[PDB]
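Residue-level structure breakdown
Listed below are the residues making up each chain.
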Amino acid sequence: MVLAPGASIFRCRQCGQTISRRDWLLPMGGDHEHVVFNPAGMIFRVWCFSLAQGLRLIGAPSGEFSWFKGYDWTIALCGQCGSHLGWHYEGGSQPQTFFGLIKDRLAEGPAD
Ligand SMILES: O=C1CC[C@H](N2C(=O)c3ccccc3C2=O)C(=O)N1
Ligand SMILES: [Zn+2]
C-alpha cells in the first residue's frame with residue numbers, strides 16, 4: 001500500500017527482538033486497545049494482536065483475573081531479554097488464542 005513504511009513492525013523496547021506487526025492488530029470487542037488494571041493496581045494499555053513471535057510463554061495458563069472473558073492467560077516475556085511484554089490468551093472462542101501486549105513496552109518501526 002505504501003513505500004518504505006515506518007510503522008510496520010513492533011520490537012521489544014529494551015532489546016530490539018522482533019515481536020509483532022501492525023498488520024496483526026486484532027480488534028477484540030471492537031477495539032485493538034484495552035486499558036486494564038491488575039490486582040497490584042498497575043494500569044496497562046494493552047494492544048491485542050492475532051500473532052506474535054520472539055516471546056517466551058511462562059507457566060501454565062490461568063483464568064484468574066482475566067481481562068478477556070473466556071480466556072486463560074500466560075505471562076509473555078521477551079524471549080531475548082526477559083522484559084515482560086504482555087500475555088498470551090488461550091482457551092476461548094473466536095479467536096481461540098491471541099496476544100495482549102503492553103504498548104509502551106514495544107517500539108514501532110520499519111519492516112525487516
Ligand atoms: O488478564 C490478565 C493477565 C494477568 C493480570 N495480572 C497481573 O498482571 C498480576 C500481577 C500480580 C498478581 C496477579 C496478576 C494478574 O492476574 C491480570 O490481572 N489479568
Ligand atoms: Zn527484549
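Rules behind the numbers
- Along every chain, residues receive numbers from 1 upward following the written sequence, which is not necessarily the numbering found in the entry; those without coordinates are excluded from display.
- The lettering of chains begins at A and the numbering of ligands begins at 1, in the order of writing.
- Side-chain metrics rest on all non-hydrogen atoms present in the structure, leaving aside hydrogens and water.
- Residues with missing side-chain atoms are left out of burial classes, side-chain pairs and their counts.
- A run of H or I in DSSP becomes a helix once it reaches four residues, and a run of E becomes a strand once it reaches two; helices and strands are each numbered from the N terminus.
- Within these notes, the globule rule equals 2.2 Å times the number of residues to the 0.38 power, and the radius of gyration is based on C-alpha atoms.
- Any pair of residues with heavy atoms lying within 4.5 Å of one another is described as a contacting pair.
- We call a residue near a molecule or strand as soon as one heavy atom of that residue lies within 4 Å of the molecule or strand.
- Pairing of N or O atoms within 3.5 Å defines a polar contact, subject to two protein rules: one partner must be a possible hydrogen donor and the other a possible acceptor, and residues neighboring in sequence count only if both atoms are side-chain atoms.
- Where accessible areas are quoted, they stem from the Shrake-Rupley method and a 1.4 Å probe; at the residue level, only the protein chains shown are allowed to cover.
- Among buried residues, those of type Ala, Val, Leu, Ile, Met, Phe, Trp, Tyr and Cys that are joined through side-chain atoms within 4.5 Å constitute a nonpolar core.
- A 1.4 Å probe rolled over the protein chains alone gives each residue an accessible area, and that area as a share of the maximum for its type sets the label: buried under 20%, exposed over 50%, partly exposed in between.
- For Na, K and Ca the donor cutoff is 3.2 Å, while for all other metals N, O and S atoms must lie within 2.8 Å; water is not among the atoms, so some sites may look incomplete.
- A four-donor site is called tetrahedral if each angle lies between 85 and 135 degrees; a four-donor site is square planar, and a six-donor site octahedral, when trans pairs exceed 155 degrees and the remaining angles lie between 65 and 115; all other cases are labelled irregular.

Structure determination for this PDB entry is given in the record as X-ray crystallography, at a resolution of 1.54 Å.

1. Comments concerning the overall build of the protein chain
When helices and strands are counted, the protein chain shows zero helices and nine strands. The order of α-helices and β-strands along the protein chain, N terminus first, is β-β-β-β-β-β-β-β-β. Against the compact-globule benchmark of 13 Å for 112 residues, the protein chain has a radius of gyration of 14 Å, which places it among compact chains. Projected onto the principal axes, the alpha-carbon positions of the protein chain cover approximately 45 × 30 × 25 Å. Sequence separation of at least 24 residues holds for 48% of the intrachain contacts in the protein chain that already meet a minimum separation of 6.

2. Overview of the site of ligand 1
In the neighbourhood of ligand 1, the contacting residues comprise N38, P39, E64, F65, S66, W67, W73, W87 and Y89. The separation between an oxygen atom of ligand 1 and a polar side-chain atom of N38 is 3.0 Å. For ligand 1, a nitrogen atom lies 2.9 Å from a polar atom in the backbone of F65. Look at ligand 1: alone it shows 410 Å² of surface, and the protein chains cover 75% of it.

3. A closer look at the nonpolar core
Counting 14 residues, the largest nonpolar core has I19, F49, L55, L85, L101 and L106 as its most contacted members. Within the residue set of this core, elements represented by two or more residues are β1 (9-12), β4 (43-49), β6 (72-78) and β8 (98-102). Excluding residues within four positions of it along the chain, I19 makes contact with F10, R11, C12, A52, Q53, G54, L55, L85, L101 and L106.

4. As for the coordination of the zinc ion (ligand 2)
Coordination sphere of the zinc ion (ligand 2), protein contribution only: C12 (SG), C15 (SG), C78 (SG) and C81 (SG), at 2.3 Å. One can describe the donor arrangement at the zinc ion (ligand 2) as tetrahedral, given that its four donor atoms subtend angles of 100 to 114 degrees at the metal. We note that the donor set of the zinc ion (ligand 2) lies within a single chain, spaced as C-x2-C-x62-C-x2-C. For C15, a relative accessible area of 31% gives the class partly exposed.

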